[PDB]
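Next up: a single chain in structure tokens, the form deposited in one PDB entry.
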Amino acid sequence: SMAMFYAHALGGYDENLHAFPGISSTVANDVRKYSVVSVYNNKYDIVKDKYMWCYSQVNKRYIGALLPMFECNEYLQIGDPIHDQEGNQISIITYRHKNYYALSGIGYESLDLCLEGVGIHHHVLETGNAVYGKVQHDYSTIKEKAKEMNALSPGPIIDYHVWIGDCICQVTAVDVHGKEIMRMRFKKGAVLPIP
């Protein structure tokens, strides 16, 4: 039966289907393996070694992941089918950053959250900056901040912070005092979508 893809931005989230950033689908395509994709008889190259951090928030559920992206100067519409080089539909158009479009599916490093009670914020990580909790700065400032917060007892997580940089991505969680409760690091460079 035909593979279906529903755009979350058009109210298409379905908990029974596979969940990717901006997409609920009846199939689960591993989109890491594609170097070329097709949209309406036009071929586009997947960018090597830089990705797009994409996320949707549907039904108090956060669905984020590092996705492959391809360069296309033409305007493509949300929901347009994306094909492989054998005519199979593998995704739909979702997110964009200037002339780059995300290829959503089973992609790279991902973050899923239950959004009730916590907040989430997205930042561009400036090159050369280190990250602690809800702040980013030069290494020495961050190191001194971390040592200061070492005296405090950890409280419950209230906010998550996503840091998207040219060489690395990170996700931190803080309590009400700004103490870093958790840090994950994704060793890839990426960009954020532009609405």
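Each residue number is its position in the shown sequence, starting from 1. Whichever C-alpha set is largest while still superposing within 1.5 Å between the two forms counts as the rigid core.
Absent from the display: the form deposited in another entry. The rest refers to it.
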| item | value |
| --- | --- |
| Candidates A146, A28, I157, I46 - which moves between the shown form and the other one, C-alpha at least 2 Å, core fixed | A146 |
| Post core alignment: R61 C-alpha displaced by 2 Å or more between the shown form and the other one | no |
| Is_shifted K134 between the shown form and the other one (CA, 2 Å cut-off, rigid core) | no |
